[PDB]
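Before any comments, here is the structure.
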Amino acid sequence: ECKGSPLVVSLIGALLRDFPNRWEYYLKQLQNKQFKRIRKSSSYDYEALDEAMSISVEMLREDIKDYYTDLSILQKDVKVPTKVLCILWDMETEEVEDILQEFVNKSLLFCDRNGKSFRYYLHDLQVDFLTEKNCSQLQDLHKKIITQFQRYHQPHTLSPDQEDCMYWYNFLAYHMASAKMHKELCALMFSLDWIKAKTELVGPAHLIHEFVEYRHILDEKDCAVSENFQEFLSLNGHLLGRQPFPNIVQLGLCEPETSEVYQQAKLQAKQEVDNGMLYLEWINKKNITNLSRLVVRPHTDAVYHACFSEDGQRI
Amino acid sequence: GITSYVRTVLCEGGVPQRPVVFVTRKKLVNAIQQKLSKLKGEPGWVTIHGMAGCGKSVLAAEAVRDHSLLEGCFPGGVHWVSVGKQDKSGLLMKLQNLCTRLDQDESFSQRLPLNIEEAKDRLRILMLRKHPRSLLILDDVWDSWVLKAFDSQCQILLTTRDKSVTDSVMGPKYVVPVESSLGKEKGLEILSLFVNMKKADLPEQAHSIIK
Ligand SMILES: Nc1ncnc2c1ncn2[C@H]1C[C@H](O)[C@@H](COP(=O)(O)OP(=O)(O)OP(=O)(O)O)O1
Ligand SMILES: [Mg+2]
């Protein structure tokens, strides 16, 4: 938790000198992520680590000051391509970099000179302070970024070449969740074609991870839809990644029951059918296949051994 | 057994002379003194504390009262400052007064600093050159900025009620903690001195009040 801010270590450390018994307490306290709990009088000039950050924020000229807060939304550990910052700001790129350069000097946002591209990012402490001091706004802004992206690229209108897009796959999903807009979340994550492109360069793991987050966000009834989709994924992992991304629209019409995943497939098939494509219907599914919960291909080359983590968290 | 010389150094220092009716606390004095001995060199602060009226000052006066620890250890004289409780303005004067006290020669500017830090400089510099092996003792002290002011990097020992006070400061800190107890044998010793009679000659009433 300390993340090497020796100020936190001395701050925890002294704090412990008084109460050797309450050892776990502060552990869970930093697990809490609030630094208001930790305080010590010290040679250092501030009660606490939260105390230091507040002093840094004030100096910025009023025009700059508002912008930092937008900067609040960004993940603890994402080096975002400059563009997305351009989009949220809606301000031209040559200009946008320079304000950020001023920040980096303020040492409030670390630089990343990777090639022409720049990824700026924060310390875990810097991020935590932000939520500590900007939390009420953040839910509100979470809806601001999305609308701006809507004023530009649509998710289907997204492209492989654009630098920002992967952030957009990987995390756009993320913003809508904070937004708390579930219908919009349906407008994005549900879209099977979005799944197609995401599985094209992302792979079929990120979507599953998103789905677990997804389940709380929307509705229990949909959760079943998510359950149907996860069931649709079980068949995806084993051969889906290879390359010849077999026309899923055709391999999809294999699920049972109906749910929302199957309903989508039949209609798509009907649409395909009039045009052509010679899809063959399958009539025995309910009579066949005892489905496995999951399948993995780690290697194009034959497997020789595998082992569980002792924790069981990984293999 | 006070040396004549000890009194001469002590007079210059300005520590109060012990009350005529006193009773040594050998163990405690010994502990402070041995500990006090510990910061043989290089900065250092000692805190002494107790609930009100625990013999806290007298011990401070008493510890230094002895020749051995003071003379070999402390070529520099001892300076006592009575800090009390102070608003920012009040604190300022004590500093100037310590300035005037320390600079007996007057070689340093007759003008006095209007700024606390400047006084801090005059103290540090004076402690550094004018009085190389000096020890400063403080009385009371109720808030940290105060010791922030006196934080000359030269040994100063503060004696008090709060032990929180020396948290702003930097450098090795030791605390000797005086519980308010005393000894039944000793108080009878003290009571006798107060009324001037062989301890046995003391009335039956006396034993109970000490309780
Ligand atoms: N031998 C002795 N040792 C300690 N105290 C004694 C002795 N003989 C008499 N006394 C009484 C008389 C004094 O009023 C008092 C000593 O004062 P002191 O211990 O310096 O209090 P203090 O300065 O810690 O109080 P405060 O916390 O208010 O400053 O104890
Ligand atoms: Mg006193």
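Note on naming: chains are A, B, ... as they come in the structure tokens, residues start from 1 per chain, ligands start from 1 in the order shown.
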
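Based on only C-alpha atoms and all ligand atoms, the protein and nucleic acid residues found within 9 Å of ligand 2 are, by chain and then by number, residues 52, 53, 55, 56, 57, 58, 82, 84, 138, 139, 140, 159, 160 and 161 of chain B.
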
Check: which chain B residues lie within 12 Å of chain A using only C-alpha atoms, as JSON, numbers by chain: {"B": [144, 145, 147, 148, 151, 164, 165, 166, 167, 168, 169, 170, 171]}

Would you save the residues of that selection, restricted to C-alpha atoms, as a short mmCIF file (atom, residue, chain, number, x, y, z; two decimals), in the first residue's frame?
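Now in out38.cif:
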data_model
loop_
_atom_site.label_atom_id
_atom_site.label_comp_id
_atom_site.auth_asym_id
_atom_site.auth_seq_id
_atom_site.Cartn_x
_atom_site.Cartn_y
_atom_site.Cartn_z
CA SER B 144 5.31 22.63 19.89
CA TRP B 145 6.09 25.78 17.90
CA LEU B 147 10.44 24.13 20.89
CA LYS B 148 10.43 24.70 17.17
CA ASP B 151 15.39 24.00 18.10
CA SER B 164 3.50 15.33 23.13
CA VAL B 165 5.38 18.59 23.02
CA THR B 166 8.67 17.26 21.73
CA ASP B 167 7.29 15.69 18.58
CA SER B 168 8.07 18.48 16.14
CA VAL B 169 11.73 18.28 17.11
CA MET B 170 14.41 16.18 15.43
CA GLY B 171 17.32 14.29 16.94
#

According to DSSP computed on the backbone, where in region 96-282 of chain A is there alpha helix (DSSP H)? Give the residues as a PyMOL selection string. chain A and resi 96-105+124-151+165-179+182-188+192-201+206-217+220-234+236-239+248-251+261-275

Give me the residues near residue 11 (chain B) as a tab-separated table (two decimals) with N, CA and C atoms, in the first residue's frame, where near means some atom within 12 Å (using only C-alpha atoms) and where sequence neighbours in that chain fewer than 4 positions away do not count.
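Below is the file out.tsv, written as the result:
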chain	number	residue	atom	x	y	z
B	4	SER	N	32.25	24.70	45.89
B	4	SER	CA	32.06	26.14	45.85
B	4	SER	C	31.92	26.56	44.40
B	5	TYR	N	32.72	25.94	43.55
B	5	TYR	CA	32.74	26.26	42.13
B	5	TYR	C	31.39	25.97	41.49
B	6	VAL	N	30.79	24.84	41.84
B	6	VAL	CA	29.52	24.48	41.25
B	6	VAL	C	28.52	25.62	41.40
B	7	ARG	N	28.48	26.21	42.58
B	7	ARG	CA	27.56	27.32	42.85
B	7	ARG	C	27.88	28.52	41.97
B	15	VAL	N	19.75	29.04	37.36
B	15	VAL	CA	18.85	28.07	37.97
B	15	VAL	C	18.54	28.47	39.39
B	16	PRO	N	17.29	28.29	39.81
B	16	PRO	CA	16.93	28.56	41.20
B	16	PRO	C	17.68	27.64	42.15
B	17	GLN	N	18.01	28.13	43.33
B	17	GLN	CA	18.58	27.29	44.38
B	17	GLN	C	17.47	26.43	44.96
B	61	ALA	N	16.68	20.95	38.59
B	61	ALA	CA	17.64	21.77	39.30
B	61	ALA	C	18.62	20.90	40.05
B	65	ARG	N	22.74	19.93	39.97
B	65	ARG	CA	23.27	20.47	41.22
B	65	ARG	C	24.63	19.88	41.57
B	77	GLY	N	28.65	26.30	30.21
B	77	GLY	CA	27.94	26.62	31.43
B	77	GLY	C	26.55	26.10	31.18
B	78	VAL	N	25.66	26.14	32.18
B	78	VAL	CA	24.26	25.74	32.05
B	78	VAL	C	23.39	26.97	32.00
B	79	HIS	N	22.44	27.04	31.09
B	79	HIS	CA	21.55	28.20	31.04
B	79	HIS	C	20.14	27.69	31.25
B	80	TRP	N	19.35	28.37	32.06
B	80	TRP	CA	18.01	27.91	32.42
B	80	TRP	C	17.09	28.91	31.77

When you look at region 180-187 of chain B with a cut-off of 10 Å (counting only C-alpha atoms), what residues show up, excluding the ones that are within fewer than 5 positions of it in the same chain? I need them as a PDB file with N, CA, C and O atoms, in the first residue's frame.
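Output file around-v1.pdb is given in full below:
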ATOM      1  N   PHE B  22      14.011  20.335  51.382  1.00  0.00           N
ATOM      2  CA  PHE B  22      13.950  19.351  50.298  1.00  0.00           C
ATOM      3  C   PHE B  22      14.432  17.965  50.725  1.00  0.00           C
ATOM      4  O   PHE B  22      15.060  17.817  51.774  1.00  0.00           O
ATOM      5  N   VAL B  23      14.142  16.951  49.910  1.00  0.00           N
ATOM      6  CA  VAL B  23      14.578  15.601  50.221  1.00  0.00           C
ATOM      7  C   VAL B  23      14.971  14.859  48.961  1.00  0.00           C
ATOM      8  O   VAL B  23      14.115  14.470  48.175  1.00  0.00           O
ATOM      9  N   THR B  24      16.272  14.666  48.781  1.00  0.00           N
ATOM     10  CA  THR B  24      16.818  14.038  47.585  1.00  0.00           C
ATOM     11  C   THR B  24      15.996  12.854  47.103  1.00  0.00           C
ATOM     12  O   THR B  24      15.336  12.182  47.891  1.00  0.00           O
ATOM     13  N   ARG B  25      16.027  12.595  45.811  1.00  0.00           N
ATOM     14  CA  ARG B  25      15.379  11.420  45.282  1.00  0.00           C
ATOM     15  C   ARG B  25      16.507  10.769  44.548  1.00  0.00           C
ATOM     16  O   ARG B  25      16.667  10.956  43.353  1.00  0.00           O
ATOM     17  N   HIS B  49       8.443  14.270  32.567  1.00  0.00           N
ATOM     18  CA  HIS B  49       7.026  14.648  32.836  1.00  0.00           C
ATOM     19  C   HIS B  49       6.220  13.960  33.917  1.00  0.00           C
ATOM     20  O   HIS B  49       6.582  12.894  34.370  1.00  0.00           O
ATOM     21  N   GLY B  50       5.217  14.655  34.427  1.00  0.00           N
ATOM     22  CA  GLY B  50       4.427  14.149  35.527  1.00  0.00           C
ATOM     23  C   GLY B  50       3.147  14.931  35.670  1.00  0.00           C
ATOM     24  O   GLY B  50       3.016  16.018  35.128  1.00  0.00           O
ATOM     25  N   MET B  51       2.215  14.402  36.441  1.00  0.00           N
ATOM     26  CA  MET B  51       1.001  15.131  36.724  1.00  0.00           C
ATOM     27  C   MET B  51       1.458  16.287  37.580  1.00  0.00           C
ATOM     28  O   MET B  51       2.556  16.250  38.122  1.00  0.00           O
ATOM     29  N   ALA B  52       0.654  17.335  37.666  1.00  0.00           N
ATOM     30  CA  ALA B  52       1.137  18.579  38.231  1.00  0.00           C
ATOM     31  C   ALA B  52       1.659  18.420  39.646  1.00  0.00           C
ATOM     32  O   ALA B  52       1.044  17.803  40.498  1.00  0.00           O
ATOM     33  N   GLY B  53       2.817  19.016  39.864  1.00  0.00           N
ATOM     34  CA  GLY B  53       3.502  19.034  41.136  1.00  0.00           C
ATOM     35  C   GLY B  53       4.065  17.691  41.516  1.00  0.00           C
ATOM     36  O   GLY B  53       3.630  17.085  42.480  1.00  0.00           O
ATOM     37  N   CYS B  54       4.956  17.175  40.676  1.00  0.00           N
ATOM     38  CA  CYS B  54       5.578  15.876  40.910  1.00  0.00           C
ATOM     39  C   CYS B  54       7.063  15.981  41.242  1.00  0.00           C
ATOM     40  O   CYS B  54       7.752  14.966  41.345  1.00  0.00           O
ATOM     41  N   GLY B  55       7.523  17.199  41.491  1.00  0.00           N
ATOM     42  CA  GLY B  55       8.935  17.442  41.701  1.00  0.00           C
ATOM     43  C   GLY B  55       9.702  17.579  40.409  1.00  0.00           C
ATOM     44  O   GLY B  55      10.914  17.395  40.369  1.00  0.00           O
ATOM     45  N   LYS B  56       8.988  17.880  39.335  1.00  0.00           N
ATOM     46  CA  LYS B  56       9.595  17.930  38.023  1.00  0.00           C
ATOM     47  C   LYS B  56      10.701  18.968  37.875  1.00  0.00           C
ATOM     48  O   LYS B  56      11.756  18.646  37.357  1.00  0.00           O
ATOM     49  N   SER B 192       9.195  16.382  59.132  1.00  0.00           N
ATOM     50  CA  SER B 192      10.015  16.715  60.275  1.00  0.00           C
ATOM     51  C   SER B 192      10.730  18.028  60.026  1.00  0.00           C
ATOM     52  O   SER B 192      10.782  18.889  60.894  1.00  0.00           O
ATOM     53  N   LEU B 193      11.262  18.191  58.825  1.00  0.00           N
ATOM     54  CA  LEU B 193      11.984  19.406  58.507  1.00  0.00           C
ATOM     55  C   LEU B 193      11.047  20.598  58.570  1.00  0.00           C
ATOM     56  O   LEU B 193      11.419  21.668  59.028  1.00  0.00           O
ATOM     57  N   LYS B 199      11.967  12.667  64.232  1.00  0.00           N
ATOM     58  CA  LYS B 199      10.835  12.102  63.516  1.00  0.00           C
ATOM     59  C   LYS B 199       9.885  11.393  64.469  1.00  0.00           C
ATOM     60  O   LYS B 199       8.669  11.513  64.341  1.00  0.00           O
ATOM     61  N   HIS B 207       1.036  10.659  60.782  1.00  0.00           N
ATOM     62  CA  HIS B 207       1.176   9.508  59.902  1.00  0.00           C
ATOM     63  C   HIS B 207       0.047   9.434  58.890  1.00  0.00           C
ATOM     64  O   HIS B 207       0.247   9.021  57.757  1.00  0.00           O
ATOM     65  N   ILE B 210      -0.313  11.933  55.694  1.00  0.00           N
ATOM     66  CA  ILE B 210       0.569  11.642  54.582  1.00  0.00           C
ATOM     67  C   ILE B 210      -0.109  10.673  53.633  1.00  0.00           C
ATOM     68  O   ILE B 210       0.112  10.713  52.421  1.00  0.00           O
ATOM     69  N   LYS B 211      -0.989   9.840  54.177  1.00  0.00           N
ATOM     70  CA  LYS B 211      -1.698   8.880  53.351  1.00  0.00           C
ATOM     71  C   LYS B 211      -2.568   9.607  52.343  1.00  0.00           C
ATOM     72  O   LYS B 211      -2.799   9.116  51.241  1.00  0.00           O
TER      73      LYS B 211
END

According to DSSP computed on the backbone, where in region 31-66 of chain B is there strand (DSSP E or B)? Give the residues as a CSV table (one decimal) with N, CA and C atoms, in the first residue's frame.
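Final output, saved to out.csv:
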chain,number,residue,atom,x,y,z
B,45,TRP,N,17.6,16.0,22.9
B,45,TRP,CA,16.6,16.5,23.8
B,45,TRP,C,16.2,15.5,24.8
B,46,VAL,N,15.9,16.0,26.1
B,46,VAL,CA,15.5,15.1,27.1
B,46,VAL,C,14.2,15.7,27.6
B,47,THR,N,13.1,14.9,27.8
B,47,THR,CA,11.8,15.4,28.3
B,47,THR,C,11.6,14.8,29.6
B,48,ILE,N,11.1,15.5,30.6
B,48,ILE,CA,10.8,14.9,31.9
B,48,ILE,C,9.3,15.2,32.2
B,49,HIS,N,8.4,14.3,32.6
B,49,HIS,CA,7.0,14.6,32.8
B,49,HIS,C,6.2,14.0,33.9
